[PDB]
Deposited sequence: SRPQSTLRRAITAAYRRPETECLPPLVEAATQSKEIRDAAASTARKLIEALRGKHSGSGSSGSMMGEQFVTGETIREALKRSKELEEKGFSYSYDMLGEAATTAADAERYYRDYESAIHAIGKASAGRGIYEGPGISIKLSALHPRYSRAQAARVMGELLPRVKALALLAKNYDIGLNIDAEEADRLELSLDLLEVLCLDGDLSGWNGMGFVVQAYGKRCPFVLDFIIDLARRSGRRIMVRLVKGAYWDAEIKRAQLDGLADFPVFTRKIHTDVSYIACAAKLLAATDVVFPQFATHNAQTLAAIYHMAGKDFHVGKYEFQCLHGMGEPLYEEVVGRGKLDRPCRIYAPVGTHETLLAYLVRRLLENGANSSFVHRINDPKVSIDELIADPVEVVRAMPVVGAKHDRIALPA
């Protein structure tokens, strides 16, 4: 039958499976032993106690620099501490060809600058780049997949070839739900392209608030096995939740492509981490979160054996450094963290900044709850898997 028919059918089938039908297998994947659960709660308490023991709306704290040069110069402090970086030249959803070409030239120039600064440190210990496919096609969300792929793939391949030249990471950011299949098809074409052989820096984001997440992960892990590439997989919860809810309503959809209860995203994330941690031979998991409880859960789930290159954590510049200062370093948790680092002017920042406001301002967000006088540390270290597992059915 069609290549990867079973894996692809599973993804499409999940795209709007009832949320109640998506949950049970996730809870089974995410359940841990009492030793791990106790260890996790103990670590999360320590992290929160340190955090509460120690952000401006205008978002200056969210950009590392106006240019890649300034961004690279300002990164030496935290790299000396054991952090790494992933630089994102701000820009998305190009509306004209002129803009899409400027963004492409921005990524191209940035890869040259990051690659020189990496100075051969490789994809795990050295910096990398993150790109958005919507910046590289002037009608990314509107045009037919054939025309989009055909003009996008040459550009992304050229960028991946430069990143291979310097041996740095190149991560494809995850954006809106309706573009997941195109981006996955692009990942598969690159991972099977022989011109990129021998380079493991190709990376891909999967959003755990999506119903497709574990099946997308199944597909990617299988792709890593058949292609021979160790794919970098950034596991996130997701940055577009408000926009997806609204788009699903105006499109007349009966069922959303994303979870509607925040705890379900939490359990989905842990279930997907378990899948990724069992596959570190062929993928490099990158656990992007600012939630101390989520982090503690992954840390103890990953077991006691660790080496750089096994997995890493990630955080956004201006949000995660206080938490991960309690994580990076032999004297803390001895695990690395890559900082996603925006580069650009105030104007290019606003769309990213809106997503940060929706993140930092939501009552349900960890970063809001940690500053909330009415949220107890009891509630902050609460285990979302065990909370769900305990509800009688």
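Which parts of the deposited sequence lack C-alpha coordinates?
-> Seq positions lacking coordinates: 55-61, 401-412.
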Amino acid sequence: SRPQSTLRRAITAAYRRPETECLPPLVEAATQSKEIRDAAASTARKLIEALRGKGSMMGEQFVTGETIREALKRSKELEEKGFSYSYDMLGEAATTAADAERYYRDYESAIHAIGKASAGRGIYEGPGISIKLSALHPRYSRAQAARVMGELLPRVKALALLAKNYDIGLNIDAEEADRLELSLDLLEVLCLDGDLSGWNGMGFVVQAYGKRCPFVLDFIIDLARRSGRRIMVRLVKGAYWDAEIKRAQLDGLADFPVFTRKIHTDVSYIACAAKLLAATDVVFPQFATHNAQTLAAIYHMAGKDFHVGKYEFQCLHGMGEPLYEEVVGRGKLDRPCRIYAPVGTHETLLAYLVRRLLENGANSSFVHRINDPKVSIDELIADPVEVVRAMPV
From here on, numbers count along this sequence of modelled residues.
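What we label the rigid core is the largest C-alpha set whose atoms superpose within 1.5 Å from one form to the other.
Going by root mean square C-alpha distance after a core fit, say whether 280-288 or 139-147 is farther from the shown form in 8 other deposited structures of this protein.
-> When 280-288 and 139-147 are compared in 8 other deposited structures of this protein, 139-147 lies farther out.
State which stretch is farther from the displayed form on average in 8 other deposited structures of this protein, 243-251 or 124-132, counting RMS CA distance after fitting on the rigid core.
-> It is 243-251 whose C-alphas lie farther from the shown form in 8 other deposited structures of this protein.
Comparing 16-24 with 365-373, where is the mean C-alpha B-factor higher?
-> Mean CA B-factor is higher for 16-24.
As stated in the PDB record, which stretch has the larger average Cα B-factor, 384-392 or 4-12?
-> So the stretch with the higher mean C-alpha B-factor is 384-392.
So among 255, 88, 188, 218, who wins on Cα B-factor in the entry?
-> Among 255, 88, 188, 218, the highest C-alpha B-factor in the entry belongs to 255.
From the list 281, 151, 125, 175, select the residue with the highest C-alpha B factor recorded in the entry.
-> That would be 151.
Taking the values exactly as deposited, rank residue 201 by C-alpha B-factor within its chain and report the matching third: lowest, middle or highest.
-> For residue 201, the deposited C-alpha B-factor lands in the lowest third.
Residue 107's Cα B-factor: lowest, middle or highest third of the chain?
-> For residue 107, the deposited C-alpha B-factor lands in the middle third.
Tell me, lowest, middle or highest third: where does the Cα B factor of residue 34 rank within its chain?
-> As the PDB entry reports it, the C-alpha B-factor of residue 34 lands in the highest third of its chain.
Divide the modelled residues of the chain into thirds by Cα B-factor and specify which third, lowest, middle or highest, holds residue 47.
-> As the PDB entry reports it, the C-alpha B-factor of residue 47 lands in the middle third of its chain.
Compare the C-alpha B factor of residue 54 with those of the other modelled residues in its chain, then answer lowest, middle or highest third.
-> Highest third - that is where residue 54 ends up once the chain's C-alpha B-factors are sorted.
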